[PDB]
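Data block below; observations after.
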Amino acid sequence: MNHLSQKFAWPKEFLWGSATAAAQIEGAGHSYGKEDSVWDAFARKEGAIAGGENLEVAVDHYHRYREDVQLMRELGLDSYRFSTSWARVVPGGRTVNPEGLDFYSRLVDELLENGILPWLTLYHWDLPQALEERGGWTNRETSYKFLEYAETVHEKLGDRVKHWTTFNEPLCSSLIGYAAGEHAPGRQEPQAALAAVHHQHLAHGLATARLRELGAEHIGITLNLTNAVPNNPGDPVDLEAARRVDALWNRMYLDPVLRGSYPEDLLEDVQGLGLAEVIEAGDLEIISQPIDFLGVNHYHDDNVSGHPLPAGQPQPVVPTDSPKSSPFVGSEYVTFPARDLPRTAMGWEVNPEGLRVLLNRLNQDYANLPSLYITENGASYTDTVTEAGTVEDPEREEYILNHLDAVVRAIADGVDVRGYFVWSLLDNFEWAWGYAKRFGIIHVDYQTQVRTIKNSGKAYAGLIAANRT
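Here it is, written out as structure tokens:
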């Protein structure tokens, strides 16, 4: 039997895509002028990345983009979401690199020539390391360097690319990279994290305004959003913990963009932890530029408690055993007890209806929410290539169709969702987890670089084809 998503008559102008990030697929890590990103430097630190792996080669998209574009076309995608690497475009934060801009220009041409709409993200975590040595996102100047970087890329691609995203998942590059220590640059400093939160916001606002001036047609930002579900809704300790999580994960990023303010309860929670100190007059006005779309990334929601974990509990699944901290600045006491739900190979719970809940809440609580796109959704399960040369990944396929079902129901609930991008087009470097955690609808043999469309990829193409003529 087929899923709702496989039988639904989707809107004709609904946008079907797939997504990647530069650092995760490009390779050519130190060729053609590219120099260290914060991730290249981080990957030299012991314990940083599973298996001691790095970003030098990845799936070598830099040399295979033409053929990866042909795969997009064989899938029948409407659009391709990718990022440009700051570490490649302005190596070391010094001089612009024309070889780097030229690659992106050649990519964009391949896309357009094959009828595929480029959806560009400016920042997907690859700050040049040299700028981190000057404080990275703790340093206010970095926001203004990003502004110049944004203009530099738009000068080159603005004649052809109409869809511009400033940041992908700012929560990750701020909290998880400066507080939790799991992500580059691997710091564990609450004050540094909150500084990063604000300066990314400021960078977003500066760049949105400038890109608008330069005529960019659709400008937005992509956030990984969640539902903070209290483990026991009858327990004020859990409700408080859920509030604090909702504030940090969702509202600290949504409100300054859409409301021109940090939430009052959030500001109280992180009092004296370094957010107020970096806020200057006019900053929030700058941050809250109008955006034409909000990209939603969502893999699962969160079950929150304010109590210590109960004893019947599955071990945490972590990419390495390096010492790490809670990303929940000011609320590190909160915990996340297990729910009776299946999990992916990364230990992530699977709760498709949570997507529907999230979309509905956004729709109800933000009066002038822009149009929504699901800019990332996917799952990592272990893959093997059969002797017949196929990849049978029914659990990944099931995850995708089930979450597409939730989208359908969200649309029927009245939510304005206009597109969906599966993460990821290609198996790739999953950050601290390294290459063992595959997300692709397209398999990559890391020994030969050969791509193989997985069964989930074929199922996805088949769904699109039934909705495209």
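Just so you know, we're using PDB author numbering here: the sequence shown kicks off at 2 and counts up by one. Beta carbons: idealized from backbone N, C-alpha and C, even for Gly.
Host beta strand (DSSP E) of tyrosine 81 (start-end): For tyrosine 81, the uninterrupted beta strand (DSSP E) segment begins and ends at 80-84.
Beta carbon of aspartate 428 nearer than 8 Å to that of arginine 439: Their beta carbons are under 8 Å apart, which means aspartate 428 touches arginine 439 by this criterion.
Simplified DSSP assignment, three categories, for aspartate 303: Here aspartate 303 sits in strand by DSSP.
C-alpha gap between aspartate 110 and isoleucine 117, whole angstroms: Rounded to whole angstroms, the gap between the alpha carbons of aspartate 110 and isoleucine 117 is 10 Å.
Euclidean distance between Cα positions of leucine 215 and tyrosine 145: The straight-line gap separating the alpha-carbon atoms of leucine 215 and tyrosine 145 is approximately 16 Å.
N- and C-terminal bounds of the beta strand (DSSP E) containing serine 19: Taken as a continuous stretch (DSSP letters only), the beta strand (DSSP E) holding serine 19 covers 16-20.
Secondary structure of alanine 380, DSSP reduced to three states: The answer is coil: DSSP assigns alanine 380 none of H, G, I, E or B.
Pick from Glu57, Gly34 and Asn140 that is closest to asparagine 98, judged by C-alpha positions: Minimum Cα distance to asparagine 98 is reached at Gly34.
Residue burial classification, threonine 385 (beta-carbon count within 10 angstroms, cutoff 16): With fewer than 16 other beta carbons inside 10 angstroms of its own, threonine 385 counts as exposed.
Supposed contact pair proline 338 and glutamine 314 - C-beta distance, whole angstroms, cut 8 Å: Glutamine 314 to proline 338, Cβ: 7 Å. Contact.
Buried or exposed by the 16-neighbour rule on C-beta atoms within 10 Å, applied to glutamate 133: So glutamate 133 ends up on the buried side.
Alpha carbon of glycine 77 to alpha carbon of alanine 277, nearest angstrom: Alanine 277 has its alpha-carbon roughly 48 Å from the corresponding atom of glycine 77.
Length of the line joining the Cα atoms of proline 231 and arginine 419: Counting only the Cα atoms, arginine 419 lies some 30 Å from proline 231.
Where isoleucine 412 sits in the DSSP three-state scheme: Helix at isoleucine 412.
DSSP-derived helix/strand/coil call for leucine 112: Helix, per DSSP.
Cβ contact (3+ pairs, closer than 8 Å) linking the segment 453-468 and the segment 5-22: At 8 Å Cβ cutoff, the stretches touch.
Residue 1, DSSP secondary structure in three states: It is not possible to answer for residue 1, since the shown part of the chain is limited to 2 through 470.
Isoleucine 26 to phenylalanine 430 span [Cα, whole Å]: Rounded to whole angstroms, the gap between the alpha carbons of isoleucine 26 and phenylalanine 430 is 7 Å.
Where the alpha helix (DSSP H) through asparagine 456 begins and ends: Residues 456-466.
DSSP three-state assignment for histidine 125, whether helix, strand or coil: In this structure, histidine 125 counts as coil in the three-state DSSP scheme.
Close beta carbons around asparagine 251, own chain, < 7 Å, minus the five adjacent residues each side: Correct list, in chain order: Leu226 and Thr227.
For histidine 205 and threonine 167, believed in contact at Cβ under 8 Å, the rounded distance: Indeed, because the Cβ distance is near 4 Å, the residues count as touching under 8 Å.
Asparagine 140, enclosing beta strand (DSSP E) - first and last residue: The continuous stretches of beta strand (DSSP E) do not include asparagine 140, and DSSP gives it neither H nor E.
Beta-carbon contacts of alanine 433 that lie in its chain and below 6 Å, excluding the five residues immediately before and after: A distance below 6 Å between beta-carbons, with the five flanking residues on each side excluded, links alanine 433 to the following residues of its chain, in chain order: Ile50, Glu183 and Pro320.
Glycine 355, enclosing alpha helix (DSSP H) - first and last residue: Residues 354-366.
Reference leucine 249; option with closest CA among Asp303, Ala282 and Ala59: Measuring from the Cα of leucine 249, the nearest candidate turns out to be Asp303.
Rounded Cβ spacing between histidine 308 and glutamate 350 (contact assumed at less than 8 Å): About 19 Å separates the two Cβ atoms, so there is no contact after all.
Member of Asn361, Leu113 and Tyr150 whose CA lies at the smallest distance from the CA of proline 129: Per the Cα distances, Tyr150.
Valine 246 versus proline 171: straight-line alpha-carbon distance, rounded: Roughly 16 Å separates the two Cα atoms.
Reference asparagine 364; option with closest CA among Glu286, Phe294 and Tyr382: Answer by Cα proximity: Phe294.
Spatial distance of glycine 296 from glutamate 388 (CA atoms): Our two residues, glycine 296 and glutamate 388, have alpha carbons roughly 39 Å apart in a direct line.
Start-to-end residues for the beta strand (DSSP E) that takes in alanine 229: Note, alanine 229: beta strand (DSSP E), 229-231.
Segment limits, beta strand (DSSP E) that includes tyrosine 254: Here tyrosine 254 belongs to no beta strand (DSSP E); instead the alpha helix (DSSP H) covers 253-260.
For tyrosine 421, the first and last residue of its enclosing beta strand (DSSP E): Here the beta strand (DSSP E) through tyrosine 421 covers 418-424.
For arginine 67, the three-state DSSP class (helix, strand or coil): Three-state DSSP puts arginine 67 in a helix.
Three-state secondary structure assigned by DSSP to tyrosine 374: DSSP places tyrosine 374 in strand when its eight states are reduced to three.
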